[PDB]
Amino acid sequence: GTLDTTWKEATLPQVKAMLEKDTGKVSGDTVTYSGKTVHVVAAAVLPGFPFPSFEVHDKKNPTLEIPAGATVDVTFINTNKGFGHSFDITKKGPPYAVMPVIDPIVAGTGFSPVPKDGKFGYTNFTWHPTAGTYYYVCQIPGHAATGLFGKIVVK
């Protein structure tokens, strides 16, 4: 397939507005989405959160519960200075090797731009999942191995 390798730029307040567009409901460490079309907004290492992690709806690496047959619009933002993290959805689960074995990637991005001059790289892609469990992971060597992944349950 093709990975999403095209990115836009957002200042911090734009990043924050976008994060607030996530349509999920938080419960504990889970984010549950409902409806025909859902909007997942994920960020790589929001300030104040542990490295390395993804934040979705203000939670760290949460399990995303998505309805089978939904159109999933994912916005991925990299807010972590010094890194070009990716966001890739795969059926291969953890733990991951330093070079993570995650092919085939069912939907996702290439490496993001590193933050520069108050601007953060972000991108939008769409996913049409069938029922199953998937994981969202970064491909930068060692990141997935050190905790940069989360789970998705589609049902």
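Position 1 is the first residue in the sequence shown; the rest follow in order.
The mean C-alpha temperature factor is higher for 17-25 when 17-25 and 138-146 are set side by side.
Stretches 83-91 and 30-38 differ in mean CA B factor, with 30-38 having the higher one.
Within the listed group 62, 108, 129, 121, the record reports its top CA B-factor for 129. When the modelled residues of the chain are ordered by their C-alpha B factor, residue 151 lands in the lowest third.
The entry lists a Cα temperature factor for residue 54 that places it in the lowest third of the chain's modelled residues.
When all modelled residues of the chain are sorted by CA temperature factor, residue 98 is found within the middle third. Ranked against the other modelled residues of its chain, the C-alpha B-factor of residue 68 as given in the entry falls in the highest third.
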